[PDB]
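Participant: Following this line is my_file14.pdb, made up of PDB, C-alpha atoms:
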```pdb
MODEL        1
ATOM      1  CA  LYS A2559      -0.163  12.523 -12.344  1.00  0.00           C
ATOM      2  CA  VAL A2560      -1.312  10.223  -9.524  1.00  0.00           C
ATOM      3  CA  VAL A2561      -1.198  11.645  -5.975  1.00  0.00           C
ATOM      4  CA  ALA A2562      -1.389   9.716  -2.679  1.00  0.00           C
ATOM      5  CA  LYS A2563      -2.269  11.330   0.641  1.00  0.00           C
ATOM      6  CA  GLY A2564      -3.093  10.351   4.203  1.00  0.00           C
ATOM      7  CA  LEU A2565      -1.789   9.138   7.545  1.00  0.00           C
ATOM      8  CA  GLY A2566      -1.567   5.492   6.414  1.00  0.00           C
ATOM      9  CA  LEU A2567       1.255   6.349   4.017  1.00  0.00           C
ATOM     10  CA  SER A2568       3.587   6.445   7.040  1.00  0.00           C
ATOM     11  CA  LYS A2569       1.865   5.160  10.197  1.00  0.00           C
ATOM     12  CA  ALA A2570      -0.393   2.371  11.414  1.00  0.00           C
ATOM     13  CA  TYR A2571      -1.328   0.978  14.820  1.00  0.00           C
ATOM     14  CA  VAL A2572      -1.951  -2.624  15.879  1.00  0.00           C
ATOM     15  CA  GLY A2573      -5.577  -3.642  15.337  1.00  0.00           C
ATOM     16  CA  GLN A2574      -6.777  -0.291  13.949  1.00  0.00           C
ATOM     17  CA  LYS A2575      -7.614   0.485  10.332  1.00  0.00           C
ATOM     18  CA  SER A2576      -5.024   2.786   8.785  1.00  0.00           C
ATOM     19  CA  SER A2577      -6.202   4.881   5.845  1.00  0.00           C
ATOM     20  CA  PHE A2578      -4.852   6.707   2.816  1.00  0.00           C
ATOM     21  CA  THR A2579      -6.138   7.835  -0.571  1.00  0.00           C
ATOM     22  CA  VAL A2580      -4.862   7.627  -4.132  1.00  0.00           C
ATOM     23  CA  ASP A2581      -6.158  10.350  -6.459  1.00  0.00           C
ATOM     24  CA  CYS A2582      -6.093   9.173 -10.074  1.00  0.00           C
ATOM     25  CA  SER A2583      -8.367  11.945 -11.465  1.00  0.00           C
ATOM     26  CA  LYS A2584      -5.584  13.458 -13.581  1.00  0.00           C
ATOM     27  CA  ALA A2585      -4.483  10.059 -14.907  1.00  0.00           C
ATOM     28  CA  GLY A2586      -6.088   7.731 -17.495  1.00  0.00           C
ATOM     29  CA  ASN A2587      -7.757   4.319 -17.480  1.00  0.00           C
ATOM     30  CA  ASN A2588      -4.855   2.311 -16.082  1.00  0.00           C
ATOM     31  CA  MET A2589      -4.657  -0.305 -13.324  1.00  0.00           C
ATOM     32  CA  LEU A2590      -3.978   0.527  -9.688  1.00  0.00           C
ATOM     33  CA  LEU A2591      -2.163  -2.047  -7.518  1.00  0.00           C
ATOM     34  CA  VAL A2592      -1.823  -1.586  -3.769  1.00  0.00           C
ATOM     35  CA  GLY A2593      -0.071  -3.872  -1.295  1.00  0.00           C
ATOM     36  CA  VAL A2594       1.355  -3.775   2.200  1.00  0.00           C
ATOM     37  CA  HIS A2595       4.222  -6.144   2.777  1.00  0.00           C
ATOM     38  CA  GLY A2596       4.924  -7.530   6.219  1.00  0.00           C
ATOM     39  CA  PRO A2597       8.050  -9.766   5.890  1.00  0.00           C
ATOM     40  CA  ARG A2598       7.113 -11.668   9.059  1.00  0.00           C
ATOM     41  CA  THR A2599       3.448 -11.309   9.979  1.00  0.00           C
ATOM     42  CA  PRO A2600       1.603 -10.394   6.751  1.00  0.00           C
ATOM     43  CA  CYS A2601      -0.794  -7.496   6.525  1.00  0.00           C
ATOM     44  CA  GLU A2602      -4.119  -8.818   7.874  1.00  0.00           C
ATOM     45  CA  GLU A2603      -6.439  -7.014   5.443  1.00  0.00           C
ATOM     46  CA  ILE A2604      -6.405  -4.350   2.816  1.00  0.00           C
ATOM     47  CA  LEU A2605      -9.409  -2.749   1.161  1.00  0.00           C
ATOM     48  CA  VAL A2606      -9.206  -0.528  -1.914  1.00  0.00           C
ATOM     49  CA  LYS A2607     -12.433   1.280  -2.751  1.00  0.00           C
ATOM     50  CA  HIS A2608     -13.183   3.537  -5.697  1.00  0.00           C
ATOM     51  CA  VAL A2609     -15.229   6.299  -4.034  1.00  0.00           C
ATOM     52  CA  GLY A2610     -15.840   8.316  -7.205  1.00  0.00           C
ATOM     53  CA  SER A2611     -14.042  10.623  -9.615  1.00  0.00           C
ATOM     54  CA  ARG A2612     -11.057   8.224  -9.703  1.00  0.00           C
ATOM     55  CA  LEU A2613     -10.358   8.785  -6.004  1.00  0.00           C
ATOM     56  CA  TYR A2614      -9.524   5.544  -4.184  1.00  0.00           C
ATOM     57  CA  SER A2615      -9.845   5.172  -0.438  1.00  0.00           C
ATOM     58  CA  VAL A2616      -7.524   2.497   0.985  1.00  0.00           C
ATOM     59  CA  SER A2617      -7.695   0.984   4.475  1.00  0.00           C
ATOM     60  CA  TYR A2618      -5.445  -1.720   5.876  1.00  0.00           C
ATOM     61  CA  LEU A2619      -5.016  -3.644   9.103  1.00  0.00           C
ATOM     62  CA  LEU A2620      -1.754  -4.739  10.701  1.00  0.00           C
ATOM     63  CA  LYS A2621      -1.358  -7.112  13.638  1.00  0.00           C
ATOM     64  CA  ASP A2622       2.269  -6.676  14.702  1.00  0.00           C
ATOM     65  CA  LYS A2623       4.778  -3.952  15.529  1.00  0.00           C
ATOM     66  CA  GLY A2624       7.615  -3.309  13.073  1.00  0.00           C
ATOM     67  CA  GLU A2625       8.385  -1.935   9.631  1.00  0.00           C
ATOM     68  CA  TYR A2626       6.142  -2.647   6.647  1.00  0.00           C
ATOM     69  CA  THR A2627       6.497  -1.674   2.982  1.00  0.00           C
ATOM     70  CA  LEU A2628       3.528  -0.042   1.314  1.00  0.00           C
ATOM     71  CA  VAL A2629       3.563  -0.262  -2.504  1.00  0.00           C
ATOM     72  CA  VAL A2630       1.227   1.765  -4.723  1.00  0.00           C
ATOM     73  CA  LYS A2631       1.619   1.146  -8.456  1.00  0.00           C
ATOM     74  CA  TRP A2632      -0.198   2.763 -11.344  1.00  0.00           C
ATOM     75  CA  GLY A2633       0.326   0.808 -14.574  1.00  0.00           C
ATOM     76  CA  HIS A2634       2.915  -1.362 -12.777  1.00  0.00           C
ATOM     77  CA  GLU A2635       5.096   1.722 -11.934  1.00  0.00           C
ATOM     78  CA  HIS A2636       5.458   3.256  -8.485  1.00  0.00           C
ATOM     79  CA  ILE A2637       3.502   6.452  -7.930  1.00  0.00           C
ATOM     80  CA  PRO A2638       5.544   9.309  -6.454  1.00  0.00           C
ATOM     81  CA  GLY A2639       6.482   8.342  -2.905  1.00  0.00           C
ATOM     82  CA  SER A2640       6.136   4.590  -3.428  1.00  0.00           C
ATOM     83  CA  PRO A2641       7.506   2.393  -1.933  1.00  0.00           C
ATOM     84  CA  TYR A2642       6.513   3.894   1.429  1.00  0.00           C
ATOM     85  CA  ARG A2643       7.959   2.901   4.806  1.00  0.00           C
ATOM     86  CA  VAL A2644       5.202   2.215   7.353  1.00  0.00           C
ATOM     87  CA  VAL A2645       6.103   2.044  11.019  1.00  0.00           C
ATOM     88  CA  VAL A2646       3.894   0.290  13.587  1.00  0.00           C
ATOM     89  CA  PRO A2647       4.815   0.967  17.258  1.00  0.00           C
TER      90      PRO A2647
ATOM     91  CA  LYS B2559       4.578 -22.105  -6.259  1.00  0.00           C
ATOM     92  CA  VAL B2560       1.525 -19.883  -5.675  1.00  0.00           C
ATOM     93  CA  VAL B2561      -1.890 -21.385  -6.530  1.00  0.00           C
ATOM     94  CA  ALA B2562      -5.197 -19.488  -6.941  1.00  0.00           C
ATOM     95  CA  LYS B2563      -8.600 -21.153  -6.867  1.00  0.00           C
ATOM     96  CA  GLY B2564     -12.230 -20.133  -7.145  1.00  0.00           C
ATOM     97  CA  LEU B2565     -15.131 -19.020  -9.306  1.00  0.00           C
ATOM     98  CA  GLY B2566     -14.032 -15.374  -8.972  1.00  0.00           C
ATOM     99  CA  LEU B2567     -11.053 -16.089 -11.243  1.00  0.00           C
ATOM    100  CA  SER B2568     -13.431 -16.301 -14.206  1.00  0.00           C
ATOM    101  CA  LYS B2569     -16.909 -15.124 -13.137  1.00  0.00           C
ATOM    102  CA  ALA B2570     -18.325 -11.924 -11.640  1.00  0.00           C
ATOM    103  CA  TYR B2571     -21.695 -10.203 -11.698  1.00  0.00           C
ATOM    104  CA  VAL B2572     -22.592  -6.512 -11.374  1.00  0.00           C
ATOM    105  CA  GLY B2573     -23.126  -5.529  -7.727  1.00  0.00           C
ATOM    106  CA  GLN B2574     -22.320  -8.984  -6.313  1.00  0.00           C
ATOM    107  CA  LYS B2575     -19.061  -9.749  -4.482  1.00  0.00           C
ATOM    108  CA  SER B2576     -16.885 -12.209  -6.399  1.00  0.00           C
ATOM    109  CA  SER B2577     -14.368 -14.338  -4.477  1.00  0.00           C
ATOM    110  CA  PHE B2578     -11.312 -16.526  -4.875  1.00  0.00           C
ATOM    111  CA  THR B2579      -8.339 -17.654  -2.782  1.00  0.00           C
ATOM    112  CA  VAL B2580      -4.578 -17.443  -3.252  1.00  0.00           C
ATOM    113  CA  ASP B2581      -2.378 -20.091  -1.596  1.00  0.00           C
ATOM    114  CA  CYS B2582       1.157 -18.833  -0.926  1.00  0.00           C
ATOM    115  CA  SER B2583       1.938 -21.462   1.751  1.00  0.00           C
ATOM    116  CA  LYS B2584       4.601 -23.120  -0.464  1.00  0.00           C
ATOM    117  CA  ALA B2585       6.156 -19.807  -1.534  1.00  0.00           C
ATOM    118  CA  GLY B2586       8.529 -17.473   0.358  1.00  0.00           C
ATOM    119  CA  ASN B2587       8.082 -14.108   2.075  1.00  0.00           C
ATOM    120  CA  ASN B2588       7.480 -12.070  -1.064  1.00  0.00           C
ATOM    121  CA  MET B2589       4.772  -9.480  -1.766  1.00  0.00           C
ATOM    122  CA  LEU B2590       1.280 -10.223  -3.108  1.00  0.00           C
ATOM    123  CA  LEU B2591      -0.624  -7.700  -5.312  1.00  0.00           C
ATOM    124  CA  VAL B2592      -4.137  -7.975  -6.791  1.00  0.00           C
ATOM    125  CA  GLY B2593      -5.684  -5.614  -9.357  1.00  0.00           C
ATOM    126  CA  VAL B2594      -8.858  -5.621 -11.416  1.00  0.00           C
ATOM    127  CA  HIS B2595      -8.585  -3.611 -14.542  1.00  0.00           C
ATOM    128  CA  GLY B2596     -11.687  -2.254 -16.160  1.00  0.00           C
ATOM    129  CA  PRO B2597     -10.951  -0.419 -19.439  1.00  0.00           C
ATOM    130  CA  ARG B2598     -13.886   1.843 -18.597  1.00  0.00           C
ATOM    131  CA  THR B2599     -15.527   1.956 -15.146  1.00  0.00           C
ATOM    132  CA  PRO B2600     -13.088   1.075 -12.308  1.00  0.00           C
ATOM    133  CA  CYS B2601     -13.491  -1.874  -9.982  1.00  0.00           C
ATOM    134  CA  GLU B2602     -15.603  -0.711  -7.009  1.00  0.00           C
ATOM    135  CA  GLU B2603     -13.862  -2.648  -4.216  1.00  0.00           C
ATOM    136  CA  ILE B2604     -11.109  -5.150  -3.755  1.00  0.00           C
ATOM    137  CA  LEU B2605     -10.563  -6.777  -0.354  1.00  0.00           C
ATOM    138  CA  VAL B2606      -7.519  -8.977   0.288  1.00  0.00           C
ATOM    139  CA  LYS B2607      -7.280 -10.798   3.634  1.00  0.00           C
ATOM    140  CA  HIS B2608      -4.549 -13.003   5.021  1.00  0.00           C
ATOM    141  CA  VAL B2609      -6.612 -15.870   6.489  1.00  0.00           C
ATOM    142  CA  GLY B2610      -3.591 -17.641   8.029  1.00  0.00           C
ATOM    143  CA  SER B2611      -0.735 -19.936   7.012  1.00  0.00           C
ATOM    144  CA  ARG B2612      -0.110 -17.665   3.990  1.00  0.00           C
ATOM    145  CA  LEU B2613      -3.523 -18.355   2.450  1.00  0.00           C
ATOM    146  CA  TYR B2614      -5.390 -15.306   1.243  1.00  0.00           C
ATOM    147  CA  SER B2615      -9.046 -14.556   0.511  1.00  0.00           C
ATOM    148  CA  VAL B2616      -9.848 -12.045  -2.234  1.00  0.00           C
ATOM    149  CA  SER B2617     -13.248 -10.448  -2.887  1.00  0.00           C
ATOM    150  CA  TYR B2618     -14.006  -7.803  -5.515  1.00  0.00           C
ATOM    151  CA  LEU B2619     -17.042  -5.844  -6.664  1.00  0.00           C
ATOM    152  CA  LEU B2620     -17.792  -4.527 -10.149  1.00  0.00           C
ATOM    153  CA  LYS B2621     -20.449  -2.043 -11.152  1.00  0.00           C
ATOM    154  CA  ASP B2622     -20.737  -2.425 -14.930  1.00  0.00           C
ATOM    155  CA  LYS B2623     -20.839  -5.272 -17.444  1.00  0.00           C
ATOM    156  CA  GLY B2624     -17.960  -5.964 -19.850  1.00  0.00           C
ATOM    157  CA  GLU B2625     -14.573  -7.632 -19.952  1.00  0.00           C
ATOM    158  CA  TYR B2626     -12.194  -7.117 -17.062  1.00  0.00           C
ATOM    159  CA  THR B2627      -8.632  -8.236 -16.427  1.00  0.00           C
ATOM    160  CA  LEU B2628      -7.841  -9.706 -13.053  1.00  0.00           C
ATOM    161  CA  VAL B2629      -4.129  -9.535 -12.128  1.00  0.00           C
ATOM    162  CA  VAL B2630      -2.548 -11.533  -9.291  1.00  0.00           C
ATOM    163  CA  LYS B2631       1.161 -11.000  -8.767  1.00  0.00           C
ATOM    164  CA  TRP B2632       3.714 -12.447  -6.398  1.00  0.00           C
ATOM    165  CA  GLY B2633       6.942 -10.440  -6.248  1.00  0.00           C
ATOM    166  CA  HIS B2634       5.789  -8.541  -9.343  1.00  0.00           C
ATOM    167  CA  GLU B2635       5.554 -11.820 -11.381  1.00  0.00           C
ATOM    168  CA  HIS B2636       2.171 -13.208 -12.470  1.00  0.00           C
ATOM    169  CA  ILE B2637       1.068 -16.298 -10.581  1.00  0.00           C
ATOM    170  CA  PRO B2638       0.038 -19.229 -12.798  1.00  0.00           C
ATOM    171  CA  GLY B2639      -3.145 -18.232 -14.629  1.00  0.00           C
ATOM    172  CA  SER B2640      -2.641 -14.482 -14.235  1.00  0.00           C
ATOM    173  CA  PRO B2641      -3.715 -12.343 -16.013  1.00  0.00           C
ATOM    174  CA  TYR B2642      -7.259 -13.720 -15.788  1.00  0.00           C
ATOM    175  CA  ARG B2643     -10.040 -12.707 -18.173  1.00  0.00           C
ATOM    176  CA  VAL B2644     -13.322 -12.024 -16.393  1.00  0.00           C
ATOM    177  CA  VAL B2645     -16.422 -11.397 -18.503  1.00  0.00           C
ATOM    178  CA  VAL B2646     -19.281  -9.722 -16.654  1.00  0.00           C
ATOM    179  CA  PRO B2647     -22.728 -10.156 -18.282  1.00  0.00           C
TER     180      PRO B2647
ENDMDL
END
```
Could you write out this file's structure as structure tokens?

Facilitator:
Amino acid sequence: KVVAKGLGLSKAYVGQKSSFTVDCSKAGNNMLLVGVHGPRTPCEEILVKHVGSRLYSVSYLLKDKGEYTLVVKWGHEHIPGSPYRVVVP
Amino acid sequence: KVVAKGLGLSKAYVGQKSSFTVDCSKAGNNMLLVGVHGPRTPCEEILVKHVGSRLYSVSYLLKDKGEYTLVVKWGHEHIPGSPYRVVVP
């Protein structure tokens, strides 16, 4: 009952914040875990903000071209669509 | 082989950013995940930054008093000390 949306689920660009949301309004009081895995150059930054009504706005910053793995877990289980493949040109 | 350090592992105050570091320099190329579980009001913000050489800075922001659980995982296993109990006055 958790739903992710946004451009950052699939794309990011060097040096620019990529954004997506995770809507947990229809879920309970569990723990959200978000990470972006760069197997060579790590993700530079990731920010997860609760903006109200159990909507979370996520922004992350990548430094290098290539494929990254975006993981979004709710109670330690992948939300639908996770793990996501993120491509940086 | 991951080591976390800092006051933010055990102390946080409403409205004030709480910080710690996570040293993954002696670990491999696995994935790092950080969560702050409030049984009630969610964590407002969590910011994770790779500061270089596989050291990471973490800052988080809470909006209500109470007991929180801070989770730091490396390849989906808890790092030593995780889960951390954080009591906000």

Participant: Residues of chain B within 7 Å of chain A, counting only C-alpha atoms - could you list those as a PyMOL selection string?

Facilitator: chain B and resi 2587+2589-2593+2595+2597-2598+2601-2608

Participant: To one decimal in Å, tell me the separation between CA of residue 2623 in chain B and CA of residue 2644 in chain B.

Facilitator: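 Pair CA of residue 2623 in chain B / CA of residue 2644 in chain B returns 10.2 Å.
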
Participant: What does the distance between CA of residue 2562 in chain A and CA of residue 2642 in chain A come to in Å, to one decimal place?

Facilitator: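 If I compute the distance from CA of residue 2562 in chain A to CA of residue 2642 in chain A, I get 10.6 Å.
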
Participant: Please measure the separation of CA of residue 2636 in chain B and CA of residue 2583 in chain A, giving the value in Å to one decimal.

Facilitator: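 Separation of CA of residue 2636 in chain B and CA of residue 2583 in chain A: 27.3 Å.
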
Participant: Report as a list in words the residues that result from applying the PyMOL selection byres ((chain A and resi 2563) around 7) to the structure here.

Facilitator: residues 2561, 2562, 2564, 2567, 2578, 2579 and 2580 of chain A

Participant: I'd like the box whose edges run along x, y and z of the file and which contains every listed atom of range 2573-2581 of chain B, padded by 5 Å per side; could you state its centre and edge lengths in Å, one decimal, as JSON?

Facilitator:
```
{"center_x": -12.8, "center_y": -12.8, "center_z": -4.7, "size_x": 30.7, "size_y": 24.6, "size_z": 16.1}
```

Participant: Written as a short mmCIF file (atom, residue, chain, number, x, y, z; two decimals) with C-alpha atoms, keeping the file's coordinate frame, which residues does the PyMOL selection byres ((chain A and resi 2572) around 7) give for the file shown?

Facilitator:
```cif
data_model
loop_
_atom_site.label_atom_id
_atom_site.label_comp_id
_atom_site.auth_asym_id
_atom_site.auth_seq_id
_atom_site.Cartn_x
_atom_site.Cartn_y
_atom_site.Cartn_z
CA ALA A 2570 -0.39 2.37 11.41
CA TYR A 2571 -1.33 0.98 14.82
CA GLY A 2573 -5.58 -3.64 15.34
CA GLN A 2574 -6.78 -0.29 13.95
CA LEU A 2620 -1.75 -4.74 10.70
CA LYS A 2621 -1.36 -7.11 13.64
CA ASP A 2622 2.27 -6.68 14.70
CA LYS A 2623 4.78 -3.95 15.53
CA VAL A 2646 3.89 0.29 13.59
#
```

Participant: Just the residues within 7 Å of residue 2585 in chain A, please, counting only C-alpha atoms, with nothing from its chain fewer than 3 positions along; format it as a list in words.

Facilitator: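 Final neighbour list, sorted by chain and number: residues 2559, 2560 and 2582 of chain A.
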